[PDB]
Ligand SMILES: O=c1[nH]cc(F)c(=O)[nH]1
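Below you will find one chain, with nothing else, as structure tokens; this is the form deposited without the ligand, and questions on how it binds or moves follow later.
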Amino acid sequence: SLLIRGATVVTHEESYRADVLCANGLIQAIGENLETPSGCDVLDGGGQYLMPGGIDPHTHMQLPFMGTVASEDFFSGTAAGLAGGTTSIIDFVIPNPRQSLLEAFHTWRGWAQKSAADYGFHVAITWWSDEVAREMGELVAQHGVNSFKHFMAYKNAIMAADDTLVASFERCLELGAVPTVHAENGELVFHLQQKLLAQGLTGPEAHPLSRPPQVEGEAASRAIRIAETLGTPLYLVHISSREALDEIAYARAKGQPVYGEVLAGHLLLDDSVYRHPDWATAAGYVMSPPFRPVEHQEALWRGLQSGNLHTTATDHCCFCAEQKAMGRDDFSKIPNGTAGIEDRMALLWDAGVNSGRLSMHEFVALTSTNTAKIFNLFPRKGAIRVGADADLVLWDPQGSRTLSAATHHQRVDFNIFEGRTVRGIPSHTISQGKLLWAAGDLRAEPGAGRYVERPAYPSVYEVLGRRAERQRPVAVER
């Protein structure tokens, strides 16, 4: 067992001094001056904040691309998360077109066995048939999946057009599953890529021009209004633009359950990174959606503060210099992705809490509790309460860290915040009740993490079901 003594417990709504006892993977006792069971390790939390461990609902460990694969695998990635205070992830099973969803799922489960910390899967709907629909039923009922991902970009690859979006959202409703969407208009992205390439604009500086913010705003509007029409909730991954944020606020202002996820990169970086004179440096920032002009950063902070953005994630998707250079003559061939799992909570604490933009309670809500609630993992995760999973982070408000590809634990040779010094760091990270990160020493072990099942029918479907009862149409008697 493990007892954290002397800390201030900080949740998504309150702070209070208390000790916390963990055993058998769970929180067993909370209170002042708890007794110590015999042979129990004791961590001295004086002067620090004890918080739920971060949940990163957006990762892509060892995701295949071309004949190559993300340079971070499920062990190195989950270990790097632990070093940064993140104690569990939700990754993505991405079937090839016409490939069995269950086949892809078992493959990814094999890849994920080596994880060092708890993990789960979204499953992407990259094509449609009666069989896909039946397979999502089996994934929900027998494999712990409760959320399905849709890509509106990637024409002539995994794009979900309207008819797939409609059939699949309808299926999610039947199953009590949460539809999630990468919102970018695939036709416009494809058209702009071709236009820019024909102009000889082949460098990384053309990447953001190929998918400007209104391309994301349009896709968000469309996914949102499909969800409204079919009567499902909707989770929009990595919101980067004022345009898309505004569509979310509009829908939430109509009563509709729409959630938005944001990455630290899109809160803190602007699109000038793509004009760096060194090709490799500019290519290190290539991801979709791309980093944006500054006015969007301000708008996103506003969403977080006003409750129209709800979770943070990383889109952790690592490619080293030689992989990025596959697009040296064609930016559309640059493997898209940036690293962030190790860095998310310190970036957010330092930019959000130290500034006074966010309270520490909002910080917890935005790094674990909201994600737990949305995907039906609360209070098993994101909660400091007796019986909850013992996933915790001890936080030193006066510690500092300089982010650097030379020192980080992420298996990648680039950091989009290279040289940034933050104040406020995870001094200790506890997963399943075990101390896996301590004072610069990572103790992660391959195979330690568990596959985490998520039950269907989160609370929102009760509300939605009563709405549909009252909107049931009624014929006119004539």
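If you superpose the two forms and keep the largest set of C-alpha atoms that fall within 1.5 Å, you have the rigid core. Numbering starts at 1 and runs along the sequence shown. Residues that one form lacks are left out of the comparison.
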| property | result |
| --- | --- |
| Between 394 to 402 and 257 to 265 (mean CA B-factor, as deposited), the higher | 394 to 402 |
| Between the two ranges 132 to 140 and 220 to 228, the one averaging a larger CA B factor in the entry | 132 to 140 |
| C-alpha B-factor winner, where the candidates are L50, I55, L43, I416 | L43 |
| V215, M287, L236, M159, ranked by C-alpha B-factor: the highest one | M159 |
| Relative C-alpha B-factor of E170, binned into the chain's lowest, middle or highest third | middle |
| Chain thirds of CA B-factor: placement of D389 | middle |
| Third of chain Cα B-factors occupied by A206 | lowest |
| B-factor third for the C-alpha atom of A104 within its chain | middle |
| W279, C-alpha B-factor rank within chain (lowest, middle or highest third) | highest |
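In what follows, reference is made to the form deposited with the ligand bound, a form of this protein that is not presented.
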| property | result |
| --- | --- |
| Clash check, the ligand transplanted in the entry with it bound by site C-alpha superposition, 2.4 Å backbone/C-beta | open |
| Location of the ligand contact in the entry with it bound, chosen stretch of 163 to 171, 285 to 293, 196 to 204, 351 to 359 [non-hydrogen atom, 4.5 Å] | 285 to 293 |
| Heavy atom within 4.5 Å of the ligand in the entry with it bound - the one residue of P179, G337, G84, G265 that qualifies | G337 |
| Option touching the ligand, based on a heavy atom within 4.5 Å in the entry with it bound, out of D91, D343, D391, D315 | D315 |
| Candidate spot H60, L63 and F151, all three touching the ligand in the entry with it bound (heavy atom, 4.5 Å) | yes |
| Core-superposed C-alpha of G39 shifting 2 Å or more between the shown form and the other one | no |
| Is_shifted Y451 between the shown form and the other one (CA, 2 Å cut-off, rigid core) | no |
| Regions shifting between the shown form and the other one, defined as 3+ consecutive residues whose CA atoms all move 2 Å or more relative to the core | 65 to 68 |
